[PDB]
Every structure is written in C-alpha cells, then in structure tokens.
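Shown here is one chain on its own, the form deposited in one PDB entry, set out as structure tokens.
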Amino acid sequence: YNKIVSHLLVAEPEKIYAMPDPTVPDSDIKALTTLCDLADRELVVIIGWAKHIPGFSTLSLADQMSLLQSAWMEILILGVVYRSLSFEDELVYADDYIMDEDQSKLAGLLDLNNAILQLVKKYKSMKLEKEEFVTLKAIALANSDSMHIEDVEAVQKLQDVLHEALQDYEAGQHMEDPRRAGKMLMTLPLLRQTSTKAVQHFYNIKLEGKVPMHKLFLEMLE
C-alpha cells in the first residue's frame, strides 16, 4: 500500500450532519434548505481536505481556486455516492438525511438523483473500496478541466501523481483484474455528467446567492 492512498485515507473529512428541522413539515422548500445548509458546511471541510492533497497547496492561489471552482460539485456528489453503496434506491446525503425516490420527486431532483443512482449501482457491481473512493475523488479535483490554469505543467504533474497512485494501488490489491484501474477511470464520465447537470440546476433555480463562488473559495482558502 503506497503513501498517497494512505495519506488520502487519513485526510478524509469527518462526518457532517444535515440536521433537518423536525419542526418544518416535509416540503420541496425544506429539502433545498437542508441540502443548501449541508453543502455549505461540507464546502468548508472540502477545502481543508484539498490542502492535504500532495502538491495542491504549492499551486498558485488562482490555480487552487480554478480547480475547486471546477470540481466542487463532483466532490460533493462522489461523497453522496460512496455513502449510498450499502443502501437500496436511496441517496445518503448524511447519516441523518436519506432521500428515496418519492422525496427526490418532491425535491425536484428525480432525474439528477436517478443518474446519481446509476453511478451508485455501478460502483456496487465493481465492489468499490474506500481507498479507490478517496483516490478517485482526488483525481476528480485534479482532472477537472478548468478553463484558465496558470501552470498547466504543475497541474498535469498532480494529475499524474494521483493517476500513478491509482494504478499502483490496483496493481497491488487487485491482481484478479489487470484492468480495474481503467474501469475506475471509465466511471469518471458519469460523474462529470451528473455534476454538469447539477451545477446547471444550481443556477437555473438560483441557489448561488449574492457572493460569487470564486470569492467564497478565496475566503476559505485564506
């Protein structure tokens, strides 16, 4: 077991809770408030998590911003997916917040979440392990295709470090399947697809607020 995967496991943020309001009756407005409140608390720990990724904090501050601005929804969704593996037709946003099909219909999220459930179903059949989760998550941040990177070279380096770490691990604990790392990489499109659609929905129903995401990430990064 190599040191990248080992440190990435160590850098996992702790459990966040959504704390839905037991007073408020379940409605479509409730769901968004809960998910909004939970996402904001996750975003704070997601930026701490990034800084422990080897080489991330050596990037320029604009490149740190560009990676997080490109990948934040992918990172949120991957977490939901991983927590959902041992459940059935349900998305585990938090240990205290689980959304089944009817609550997704009510939240206006049915199509999004059915796609997120394809991703869950797919990691189930490959028996996805925590070490692959945290490595795929790190790859998703680094492979996020930002429009404006200052140092293309350093960013490709971080890609290739995390890429090699994934290949390394799979060569290690998965000899039964010499193509498992390639299969892992091939689930990255579905994750970009649902995140692309989720971010678009984020903006359709105007959840961005007043402060643009790039200054929020600048504040959190300092």
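Residues that one form lacks are left out of the comparison. Take the two forms, find the largest set of C-alpha atoms that superpose within 1.5 Å, and that set is the rigid core. Residue indices: 1-based, along the sequence shown.
If you look for the form solved in complex with a partner chain, you will not find it shown, but the lines that follow are about it.
- Although the partner is absent here, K215 is a contact residue: one of its heavy atoms lies within 4.5 angstroms of its partner chain in the entry with it bound.
- In the entry with it bound, none of the heavy atoms of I4 sits within 4.5 Å of a heavy atom of its partner chain.
- Interface membership of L61, defined by any non-hydrogen atom within 4.5 Å of its partner chain in the entry with it bound, is confirmed.
- Its partner chain is not drawn, but in the entry with it bound it has no heavy atom within 4.5 Å of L38.
- The putative spot formed by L32, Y97 and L109 is not touched by its partner chain in the entry with it bound; no residue has a non-hydrogen atom within 4.5 angstroms of it.
- Superposition of the core reveals a Cα shift of 2 Å or more for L207 between the shown form and the other one.
- Relative to this form, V211 and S27 approach one another in the entry with it bound, with their C-alpha atoms ending up at least 3 Å closer.
- Between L32 and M213, the Cα distance is smaller in the entry with it bound than in this structure, by no less than 3 angstroms.
- Taking the core as reference, just one block of three or more adjacent residues between the shown form and the other one has all its Cα positions offset by 2 Å or more: 207-222.
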